[PDB]
Amino acid sequence: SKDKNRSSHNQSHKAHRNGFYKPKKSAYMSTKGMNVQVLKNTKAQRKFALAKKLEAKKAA
Amino acid sequence: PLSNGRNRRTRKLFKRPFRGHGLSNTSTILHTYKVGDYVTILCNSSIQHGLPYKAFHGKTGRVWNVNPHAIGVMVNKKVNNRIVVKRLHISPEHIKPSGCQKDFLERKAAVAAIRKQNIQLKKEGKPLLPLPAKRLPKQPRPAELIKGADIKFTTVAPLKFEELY
Amino acid sequence: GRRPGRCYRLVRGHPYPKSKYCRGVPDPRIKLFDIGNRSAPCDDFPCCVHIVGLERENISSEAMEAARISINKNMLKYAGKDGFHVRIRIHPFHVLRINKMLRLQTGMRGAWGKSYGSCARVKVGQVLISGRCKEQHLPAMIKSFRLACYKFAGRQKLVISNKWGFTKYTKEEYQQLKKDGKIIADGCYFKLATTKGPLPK
Amino acid sequence: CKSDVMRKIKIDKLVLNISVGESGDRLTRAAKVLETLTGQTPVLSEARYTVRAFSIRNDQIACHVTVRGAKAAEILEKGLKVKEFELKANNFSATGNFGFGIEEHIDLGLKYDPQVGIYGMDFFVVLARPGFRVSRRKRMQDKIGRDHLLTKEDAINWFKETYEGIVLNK
Amino acid sequence: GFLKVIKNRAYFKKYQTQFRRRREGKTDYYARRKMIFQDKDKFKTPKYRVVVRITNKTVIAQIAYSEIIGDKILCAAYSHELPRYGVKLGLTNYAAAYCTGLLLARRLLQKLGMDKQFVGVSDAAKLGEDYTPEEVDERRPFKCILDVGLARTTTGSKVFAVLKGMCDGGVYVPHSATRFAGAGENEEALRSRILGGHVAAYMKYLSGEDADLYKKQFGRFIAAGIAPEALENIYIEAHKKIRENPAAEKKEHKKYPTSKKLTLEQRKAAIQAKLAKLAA
RNA sequence: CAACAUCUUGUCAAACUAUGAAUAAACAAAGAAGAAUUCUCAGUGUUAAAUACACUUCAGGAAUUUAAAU
RNA sequence: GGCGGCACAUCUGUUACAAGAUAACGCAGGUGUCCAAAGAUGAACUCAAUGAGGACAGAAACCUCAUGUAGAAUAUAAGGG
RNA sequence: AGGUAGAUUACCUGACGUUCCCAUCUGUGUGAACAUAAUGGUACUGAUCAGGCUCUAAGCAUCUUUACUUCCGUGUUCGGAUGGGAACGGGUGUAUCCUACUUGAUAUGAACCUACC
């Protein structure tokens, strides 16, 4: 009882019904695995800006 | 029926250009890549270490991270019915600067040059120049008149068949 | 036991030449491809005719051999040994496969084919056989060419070229150029007078 | 002020080679005869291809050595007096070198010993001109010009002058 | 006859020429691209090399960083300008190689202005021992790689006499002191060879043996009246006079045109003239 | 003679190829949120040192123009 | 169906259609290993072949010059380098 | 004009010859030490007696090659579409895209930083 093995027939029509789901913008903004020193520089500035902001919020 | 090897079907894809073997340029390793740039992945079979997968050959991507010896590249891959984001790290021997925005960067400079003169013209009170017109598909040609003194006529008719033997 | 000619007539499949992968190919039946006075200079035989195939099909090496013999005997009969030079312009570079069926210990459709023979995949308008002669033997040359076509399949066409004996130049172009020295005989063909390279002394 | 001084032909290298198939004892003696003949230790050559006809790849077969300068000249004089300055015209290469081979060696026949044996050497002479270094230097290696390169007749004239030895055309 | 020349058009249609400078035998592109590769995360920050080349008569030394347009030379010091500092003869010695390297180190720091805080070693007593320029206050020294080219780096090579000079000049060139004139013996061997001691023993040796050999090898020294003992003191003053004025120095050239090309008219006219004279 | 060179000649390749389409593949044609400029400008680090350069919501802040870019 | 074979885990070229995917008990072959060096690095050198020479030595032994885009070698199948 | 470093990697290569060297470069002299190998041939070091002989660089040739241009030729092939013709085999018309080999004409390098002339 041999059977047909494989076909691509009707596979592109199926794929375009709910068509190619593009990724959102947040998919291109990931920073996991970036440069180690660049990450250190960015974190150092963010901690500096945040501390200044919270100090000012404490004064008022 | 092929085998599922990593570098299957690359007798012609991974061959070097005719009379283009040996070492590459020096511009390839001296070109400076910055984040946000557009690059093209081009596997160099001459360098087998870190060779990118053959499915990314010819794809255009964007630089997302610069590491001491490798340049991060982010391309788009197509899956069953969706698209995923692929993040690779490729040495400059396998990538190449992309010219995809070369024409766009020309219009940006032309507009910026015009806008730079407008702040001068508005400062001095003169009317300001307009920005360059937008690109349009080849438009229908207008009415034209052809002078009758520098015109020659060539008669066109079906050609009598002649045997090629 | 040779299969009917209708089994291997249509041009089917990729070309299958004899190479390091295809072994055990029977030798082609045809071995001579130039007949007549093959060494006659270019100016001896001005007349030229062709056999032009009008079908896309296989021509087996048996048909080429059966036709070369037919023209050779006929042209020796009518013109003589030195009166003609007929060249066959198709070679059997294709190998046909046969899957032979012999009890109940037979895999029925589970097998490939063995090398069977040779043929040339011709196309429409291709020149199959050509030949050259003088004016005094053209009628005997055309007659022997018609008889050869009975050894082939499909439909053939006899064409009389307006050129010289296997040269691309027409009858009057050859006369003018040769008298100008642009044409240099080489025993059986010519060579154009080159106007390039180092100057002589 | 003529530049003829920059085209003076001179000996630049002389090679003596003894190729005997056997390895051991005789080769050790065949190496010692070159040490006495020239003055410097030779280099033992290995078999490039194994051939059963010659009973020969890892094994030492030959032992060649090259001498240059004044030492090369005097050994050439000894190897040419055996031939009595008689070199055939067909002994000269197309590139300006010549060579020959001998069976007996004068060596030291006073205390000649059969244990050492009898060996035959071959003499090959490589001539040159001042300026031939451009093909041998490490940096900016180039090719010598055709007119600067020697030829068979160039070597013949040198031989018939510096040694007066006539050349046979037989 | 039998030729079988492998130079036909079939050979050339597939021939692939090497890089032009490698075709000249002047550049090792396999090692050049190792010294040329700046880290990608250092955008356009120059990487400096000491290009040391020694000809038959002069010791060239330059400081170059590479760019796509070509190589740019930050500074360069030659040995043919050593006569301005009191060294007339022997411009390619181990001593003159040291002076050339020292001059470049002082000349460069003057250009960048950092010569006050980086002085290196100066006394002749400490010529033989290794010295690596170090951090001053919190300012790092000028770092520069050594480029040797197709020169074999033996255990006494001159290209390490230039390198030793720069380090004593205050420029940091990474190195190991196992290829200097020492690496065997001690600082006295390096120091003596730096002062021309190896040179200033041959004439004392040669004079004892022969007078013609002495005259043939050191002919210009005899005319200039430079004794084998004055060599040591000459190089001491050259180092002293270098550290106080390394700032380089300031007509129209006389060209010599050579052949010039032939235009299409002259090129075509000759062929017709050659064809005419053959119209034998 | 052959043989080997060399200049022509006729016919070829799914597991030969210099060259190489048509159809195709993946980008760009203005989203840290619709541009641009000017002034001001900090934290880390690169750096010989930086006023260079990199990242930091084109760090951040304020003015002027501005809805244009098949 | 059985007997035969493994298309059952797996690699190369081709079928295969110049993106990716991609059939048959399609075609031509391959794997269950081998390596303290055949891993890492530094230096030097240039391979196969051909022409011309050199005692034995010959078409095949070893030496020298010249030409030599890899026509050699790189553990293995094939394809890449 | 020359030399060092290069980027483009034959318009830069290969063969036949030709032109200067005034500086520079090269070739050239020697082997004491560092260092070098069987060989001061290489590489290393010391030098300046001579030379444009080679290199290098510049130019020549109905030169091979290579790089642009036309032509080959809208010819090969190709996407879309018949109740189009043919027994097959294969080959139209329509609205479109359009190579290659070859041949002929031209060229035989452009350009960057430093020093010296």
# chains A, B, ... in the order shown; residues from 1 in each chain; ligands from 1
$ residues_around --residues "residue 201 of chain E" --least-positions-apart "6" --cutoff "9 Å" --atoms "only C-alpha atoms (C1' of nucleotides)" --output "PyMOL selection string"
(chain E and resi 228-229) or (chain H and resi 32-33)
$ closest_atom_pairs --of "chain H" --to "chain B" --cutoff "10 Å" --atoms "only C-alpha atoms (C1' of nucleotides)" --output "CSV"
residue,atom,partner,partner_atom,distance
H:7,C1',B:26,CA,7.7
H:8,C1',B:25,CA,9.2
H:9,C1',B:25,CA,8.1
$ interface_residues --of "chain H" --to "chain D" --cutoff "10 Å" --atoms "only C-alpha atoms (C1' of nucleotides)" --output "PDB file with N, CA, C and O atoms (P, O5', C5', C4', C3', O3' and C1' of nucleotides), in the first residue's frame"
ATOM      1  P     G H  17      65.638  39.584 -27.069  1.00  0.00           P
ATOM      2  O5'   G H  17      65.608  41.071 -26.502  1.00  0.00           O
ATOM      3  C5'   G H  17      66.576  42.025 -26.909  1.00  0.00           C
ATOM      4  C4'   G H  17      65.999  42.976 -27.926  1.00  0.00           C
ATOM      5  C3'   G H  17      66.351  44.443 -27.744  1.00  0.00           C
ATOM      6  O3'   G H  17      67.618  44.780 -28.276  1.00  0.00           O
ATOM      7  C1'   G H  17      64.030  44.235 -28.059  1.00  0.00           C
ATOM      8  P     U H  26      68.580  49.895  -1.865  1.00  0.00           P
ATOM      9  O5'   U H  26      69.034  49.069  -3.145  1.00  0.00           O
ATOM     10  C5'   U H  26      68.199  48.055  -3.674  1.00  0.00           C
ATOM     11  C4'   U H  26      68.501  47.775  -5.122  1.00  0.00           C
ATOM     12  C3'   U H  26      69.747  46.968  -5.422  1.00  0.00           C
ATOM     13  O3'   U H  26      69.602  45.582  -5.168  1.00  0.00           O
ATOM     14  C1'   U H  26      69.615  48.779  -6.916  1.00  0.00           C
ATOM     15  P     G H  27      70.666  44.816  -4.239  1.00  0.00           P
ATOM     16  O5'   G H  27      71.849  44.431  -5.228  1.00  0.00           O
ATOM     17  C5'   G H  27      71.679  43.434  -6.222  1.00  0.00           C
ATOM     18  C4'   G H  27      72.343  43.840  -7.509  1.00  0.00           C
ATOM     19  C3'   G H  27      73.861  43.780  -7.522  1.00  0.00           C
ATOM     20  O3'   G H  27      74.385  42.488  -7.764  1.00  0.00           O
ATOM     21  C1'   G H  27      73.196  45.888  -8.272  1.00  0.00           C
ATOM     22  P     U H  28      75.638  41.954  -6.913  1.00  0.00           P
ATOM     23  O5'   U H  28      76.617  43.206  -6.820  1.00  0.00           O
ATOM     24  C5'   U H  28      77.492  43.531  -7.889  1.00  0.00           C
ATOM     25  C4'   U H  28      78.589  44.466  -7.448  1.00  0.00           C
ATOM     26  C3'   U H  28      79.502  43.953  -6.349  1.00  0.00           C
ATOM     27  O3'   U H  28      80.511  43.082  -6.826  1.00  0.00           O
ATOM     28  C1'   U H  28      78.833  46.154  -5.841  1.00  0.00           C
ATOM     29  P     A H  38      73.312  22.987   7.037  1.00  0.00           P
ATOM     30  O5'   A H  38      74.768  23.399   6.540  1.00  0.00           O
ATOM     31  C5'   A H  38      75.926  22.741   7.030  1.00  0.00           C
ATOM     32  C4'   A H  38      76.792  22.249   5.899  1.00  0.00           C
ATOM     33  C3'   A H  38      77.243  23.306   4.902  1.00  0.00           C
ATOM     34  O3'   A H  38      78.437  23.946   5.315  1.00  0.00           O
ATOM     35  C1'   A H  38      76.399  21.399   3.756  1.00  0.00           C
ATOM     36  P     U H  39      78.417  25.448   5.869  1.00  0.00           P
ATOM     37  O5'   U H  39      78.605  26.345   4.567  1.00  0.00           O
ATOM     38  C5'   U H  39      79.850  26.398   3.884  1.00  0.00           C
ATOM     39  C4'   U H  39      79.661  26.784   2.439  1.00  0.00           C
ATOM     40  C3'   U H  39      79.051  28.156   2.183  1.00  0.00           C
ATOM     41  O3'   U H  39      80.025  29.193   2.127  1.00  0.00           O
ATOM     42  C1'   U H  39      77.950  26.503   0.865  1.00  0.00           C
ATOM     43  P     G H  41      78.776  34.570  -0.992  1.00  0.00           P
ATOM     44  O5'   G H  41      77.548  33.789  -1.631  1.00  0.00           O
ATOM     45  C5'   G H  41      77.166  34.013  -2.976  1.00  0.00           C
ATOM     46  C4'   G H  41      75.811  33.424  -3.262  1.00  0.00           C
ATOM     47  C3'   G H  41      74.691  33.865  -2.340  1.00  0.00           C
ATOM     48  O3'   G H  41      74.158  35.135  -2.674  1.00  0.00           O
ATOM     49  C1'   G H  41      74.636  31.525  -2.549  1.00  0.00           C
ATOM     50  P     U H  42      73.826  36.205  -1.521  1.00  0.00           P
ATOM     51  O5'   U H  42      72.588  35.570  -0.750  1.00  0.00           O
ATOM     52  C5'   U H  42      71.381  35.280  -1.432  1.00  0.00           C
ATOM     53  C4'   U H  42      70.403  34.558  -0.543  1.00  0.00           C
ATOM     54  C3'   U H  42      70.006  35.275   0.733  1.00  0.00           C
ATOM     55  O3'   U H  42      69.032  36.280   0.521  1.00  0.00           O
ATOM     56  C1'   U H  42      70.474  33.006   1.208  1.00  0.00           C
ATOM     57  P     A H  43      69.263  37.766   1.084  1.00  0.00           P
ATOM     58  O5'   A H  43      69.158  37.605   2.661  1.00  0.00           O
ATOM     59  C5'   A H  43      67.917  37.317   3.286  1.00  0.00           C
ATOM     60  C4'   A H  43      68.127  36.800   4.685  1.00  0.00           C
ATOM     61  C3'   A H  43      68.937  37.705   5.601  1.00  0.00           C
ATOM     62  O3'   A H  43      68.140  38.691   6.228  1.00  0.00           O
ATOM     63  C1'   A H  43      69.832  35.532   5.672  1.00  0.00           C
ATOM     64  P     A H  50      86.421  54.525  -6.984  1.00  0.00           P
ATOM     65  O5'   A H  50      86.739  53.903  -8.414  1.00  0.00           O
ATOM     66  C5'   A H  50      85.756  53.886  -9.436  1.00  0.00           C
ATOM     67  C4'   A H  50      85.501  52.481  -9.912  1.00  0.00           C
ATOM     68  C3'   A H  50      84.276  52.278 -10.789  1.00  0.00           C
ATOM     69  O3'   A H  50      84.505  52.601 -12.149  1.00  0.00           O
ATOM     70  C1'   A H  50      84.297  50.649  -9.084  1.00  0.00           C
ATOM     71  P     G H  51      83.310  53.165 -13.060  1.00  0.00           P
ATOM     72  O5'   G H  51      82.252  51.978 -13.090  1.00  0.00           O
ATOM     73  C5'   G H  51      82.110  51.155 -14.237  1.00  0.00           C
ATOM     74  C4'   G H  51      80.704  50.629 -14.359  1.00  0.00           C
ATOM     75  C3'   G H  51      79.629  51.675 -14.603  1.00  0.00           C
ATOM     76  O3'   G H  51      79.515  52.041 -15.965  1.00  0.00           O
ATOM     77  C1'   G H  51      78.963  50.296 -12.824  1.00  0.00           C
ATOM     78  P     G H  52      79.135  53.547 -16.366  1.00  0.00           P
ATOM     79  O5'   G H  52      77.554  53.597 -16.214  1.00  0.00           O
ATOM     80  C5'   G H  52      76.705  53.270 -17.307  1.00  0.00           C
ATOM     81  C4'   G H  52      75.993  51.962 -17.080  1.00  0.00           C
ATOM     82  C3'   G H  52      74.647  51.830 -17.783  1.00  0.00           C
ATOM     83  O3'   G H  52      74.415  50.465 -18.120  1.00  0.00           O
ATOM     84  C1'   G H  52      74.337  51.705 -15.441  1.00  0.00           C
ATOM     85  P     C H  53      74.956  49.859 -19.505  1.00  0.00           P
ATOM     86  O5'   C H  53      75.452  48.403 -19.094  1.00  0.00           O
ATOM     87  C5'   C H  53      75.326  47.308 -19.982  1.00  0.00           C
ATOM     88  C4'   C H  53      74.967  46.038 -19.249  1.00  0.00           C
ATOM     89  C3'   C H  53      73.591  45.985 -18.616  1.00  0.00           C
ATOM     90  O3'   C H  53      72.552  45.734 -19.544  1.00  0.00           O
ATOM     91  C1'   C H  53      75.184  45.140 -17.098  1.00  0.00           C
ATOM     92  P     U H  54      71.055  46.224 -19.228  1.00  0.00           P
ATOM     93  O5'   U H  54      70.597  45.309 -18.007  1.00  0.00           O
ATOM     94  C5'   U H  54      70.494  43.907 -18.174  1.00  0.00           C
ATOM     95  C4'   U H  54      70.224  43.177 -16.883  1.00  0.00           C
ATOM     96  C3'   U H  54      68.958  43.531 -16.140  1.00  0.00           C
ATOM     97  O3'   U H  54      67.780  43.060 -16.762  1.00  0.00           O
ATOM     98  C1'   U H  54      70.718  43.224 -14.598  1.00  0.00           C
ATOM     99  P     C H  55      66.476  43.995 -16.787  1.00  0.00           P
ATOM    100  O5'   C H  55      66.157  44.237 -15.247  1.00  0.00           O
ATOM    101  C5'   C H  55      65.668  43.179 -14.443  1.00  0.00           C
ATOM    102  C4'   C H  55      65.769  43.485 -12.970  1.00  0.00           C
ATOM    103  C3'   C H  55      64.677  44.348 -12.377  1.00  0.00           C
ATOM    104  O3'   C H  55      63.458  43.657 -12.193  1.00  0.00           O
ATOM    105  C1'   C H  55      66.777  44.995 -11.501  1.00  0.00           C
ATOM    106  P     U H  56      62.099  44.266 -12.792  1.00  0.00           P
ATOM    107  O5'   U H  56      62.056  45.747 -12.214  1.00  0.00           O
ATOM    108  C5'   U H  56      61.927  45.980 -10.821  1.00  0.00           C
ATOM    109  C4'   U H  56      62.079  47.440 -10.480  1.00  0.00           C
ATOM    110  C3'   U H  56      61.250  48.414 -11.292  1.00  0.00           C
ATOM    111  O3'   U H  56      59.889  48.449 -10.908  1.00  0.00           O
ATOM    112  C1'   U H  56      63.438  49.258 -11.031  1.00  0.00           C
TER     113        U H  56
END
$ select_by_dssp --residues "chain D" --states "strand (DSSP E or B)" --output "number ranges by chain"
D: 10-19, 43-46, 60-67, 87-88, 92, 98-101, 122-128, 167-168
$ interface_residues --of "chain A" --to "chain G" --cutoff "9 Å" --atoms "only C-alpha atoms (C1' of nucleotides)" --output "PyMOL selection string"
chain A and resi 4-8
$ residues_around --residues "residue 36 of chain A" --least-positions-apart "6" --cutoff "12 Å" --atoms "only C-alpha atoms (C1' of nucleotides)" --output "ChimeraX atom specification"
/A:42-43 /B:65-68 /E:41 /F:45,55
$ select_by_dssp --residues "segment 5-156 of chain B" --states "helix (DSSP H, G or I)" --output "MDAnalysis selection string"
chainID B and resid 27:30 54:56 102:124
$ write_last_selection --atoms "C-alpha atoms" --output "short mmCIF file (atom, residue, chain, number, x, y, z; two decimals), in the first residue's frame"
data_model
loop_
_atom_site.label_atom_id
_atom_site.label_comp_id
_atom_site.auth_asym_id
_atom_site.auth_seq_id
_atom_site.Cartn_x
_atom_site.Cartn_y
_atom_site.Cartn_z
CA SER B 27 38.95 47.97 2.41
CA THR B 28 36.85 45.07 3.71
CA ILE B 29 38.61 45.09 7.09
CA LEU B 30 39.17 48.87 7.13
CA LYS B 54 24.05 29.70 3.18
CA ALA B 55 20.44 30.86 3.56
CA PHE B 56 21.59 34.40 4.42
CA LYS B 102 22.28 55.47 -2.05
CA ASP B 103 19.57 57.13 -4.14
CA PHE B 104 17.59 58.20 -1.06
CA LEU B 105 20.66 59.82 0.50
CA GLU B 106 20.99 61.95 -2.64
CA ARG B 107 17.49 63.40 -2.25
CA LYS B 108 18.08 64.05 1.45
CA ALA B 109 21.13 66.18 0.64
CA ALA B 110 19.38 68.05 -2.18
CA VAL B 111 16.49 69.00 0.11
CA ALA B 112 18.82 69.91 2.99
CA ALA B 113 20.84 72.18 0.71
CA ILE B 114 17.64 73.93 -0.37
CA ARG B 115 16.40 74.24 3.21
CA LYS B 116 19.75 75.78 4.15
CA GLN B 117 19.28 78.58 1.62
CA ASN B 118 15.68 79.23 2.69
CA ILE B 119 16.72 80.26 6.20
CA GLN B 120 19.07 82.69 4.45
CA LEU B 121 16.36 83.95 2.09
CA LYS B 122 13.77 84.30 4.85
CA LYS B 123 16.37 86.13 6.95
CA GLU B 124 17.00 88.64 4.15
#
$ closest_atom_pairs --of "chain E" --to "chain G" --cutoff "10 Å" --atoms "only C-alpha atoms (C1' of nucleotides)" --output "Markdown table"
| residue | atom | partner | partner_atom | distance |
| --- | --- | --- | --- | --- |
| E:2 | CA | G:51 | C1' | 9.8 |
| E:3 | CA | G:51 | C1' | 8.5 |
| E:4 | CA | G:50 | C1' | 8.0 |
| E:5 | CA | G:67 | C1' | 8.8 |
| E:6 | CA | G:68 | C1' | 8.3 |
| E:7 | CA | G:67 | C1' | 9.5 |
| E:11 | CA | G:69 | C1' | 8.9 |
| E:12 | CA | G:69 | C1' | 9.6 |
| E:14 | CA | G:69 | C1' | 8.0 |
| E:15 | CA | G:69 | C1' | 6.0 |
| E:16 | CA | G:69 | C1' | 6.6 |
| E:17 | CA | G:69 | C1' | 8.5 |
| E:18 | CA | G:69 | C1' | 9.8 |
| E:152 | CA | G:43 | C1' | 8.7 |
| E:153 | CA | G:43 | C1' | 9.4 |
$ write_last_selection --atoms "N, CA, C and O atoms" --output "JSON list (two decimals), in the first residue's frame"
[["chain", "number", "residue", "atom", "x", "y", "z"],
["E", 2, "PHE", "N", 59.16, 20.18, -31.35],
["E", 2, "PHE", "CA", 58.34, 20.00, -30.16],
["E", 2, "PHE", "C", 58.57, 21.18, -29.22],
["E", 2, "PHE", "O", 59.68, 21.38, -28.73],
["E", 3, "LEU", "N", 57.51, 21.95, -28.97],
["E", 3, "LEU", "CA", 57.61, 23.10, -28.09],
["E", 3, "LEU", "C", 56.79, 22.92, -26.82],
["E", 3, "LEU", "O", 57.34, 22.97, -25.72],
["E", 4, "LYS", "N", 55.49, 22.68, -26.95],
["E", 4, "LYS", "CA", 54.56, 22.61, -25.83],
["E", 4, "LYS", "C", 54.78, 23.79, -24.89],
["E", 4, "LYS", "O", 55.15, 23.65, -23.72],
["E", 5, "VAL", "N", 54.58, 24.99, -25.43],
["E", 5, "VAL", "CA", 54.75, 26.21, -24.66],
["E", 5, "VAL", "C", 53.48, 26.47, -23.87],
["E", 5, "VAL", "O", 52.39, 26.59, -24.44],
["E", 6, "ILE", "N", 53.60, 26.52, -22.54],
["E", 6, "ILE", "CA", 52.46, 26.94, -21.74],
["E", 6, "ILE", "C", 52.53, 28.45, -21.54],
["E", 6, "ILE", "O", 52.81, 28.95, -20.45],
["E", 7, "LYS", "N", 52.22, 29.18, -22.61],
["E", 7, "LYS", "CA", 52.04, 30.62, -22.53],
["E", 7, "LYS", "C", 50.96, 31.07, -23.51],
["E", 7, "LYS", "O", 50.83, 32.28, -23.74],
["E", 11, "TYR", "N", 46.38, 30.04, -21.60],
["E", 11, "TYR", "CA", 47.01, 30.20, -20.30],
["E", 11, "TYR", "C", 46.68, 31.56, -19.70],
["E", 11, "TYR", "O", 46.40, 31.67, -18.50],
["E", 12, "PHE", "N", 46.73, 32.61, -20.51],
["E", 12, "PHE", "CA", 46.54, 33.97, -20.00],
["E", 12, "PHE", "C", 45.08, 34.29, -19.73],
["E", 12, "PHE", "O", 44.79, 35.12, -18.86],
["E", 14, "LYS", "N", 42.97, 32.71, -18.19],
["E", 14, "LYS", "CA", 42.62, 32.30, -16.83],
["E", 14, "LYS", "C", 43.63, 32.77, -15.80],
["E", 14, "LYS", "O", 43.43, 32.52, -14.60],
["E", 15, "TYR", "N", 44.71, 33.43, -16.21],
["E", 15, "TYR", "CA", 45.74, 33.84, -15.28],
["E", 15, "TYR", "C", 45.23, 34.94, -14.36],
["E", 15, "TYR", "O", 44.60, 35.90, -14.82],
["E", 16, "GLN", "N", 45.50, 34.81, -13.07],
["E", 16, "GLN", "CA", 45.08, 35.78, -12.06],
["E", 16, "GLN", "C", 46.31, 36.39, -11.42],
["E", 16, "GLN", "O", 47.05, 35.69, -10.72],
["E", 17, "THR", "N", 46.53, 37.67, -11.65],
["E", 17, "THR", "CA", 47.69, 38.35, -11.10],
["E", 17, "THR", "C", 47.50, 38.62, -9.62],
["E", 17, "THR", "O", 46.40, 38.89, -9.14],
["E", 18, "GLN", "N", 48.61, 38.54, -8.88],
["E", 18, "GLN", "CA", 48.60, 38.85, -7.46],
["E", 18, "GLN", "C", 48.45, 40.35, -7.24],
["E", 18, "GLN", "O", 48.39, 41.14, -8.19],
["E", 152, "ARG", "N", 64.29, 39.36, 8.01],
["E", 152, "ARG", "CA", 64.36, 38.32, 9.02],
["E", 152, "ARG", "C", 64.80, 38.91, 10.35],
["E", 152, "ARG", "O", 65.77, 39.66, 10.42],
["E", 153, "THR", "N", 64.06, 38.58, 11.41],
["E", 153, "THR", "CA", 64.33, 39.12, 12.74],
["E", 153, "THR", "C", 65.25, 38.16, 13.48],
["E", 153, "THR", "O", 64.80, 37.30, 14.24]]
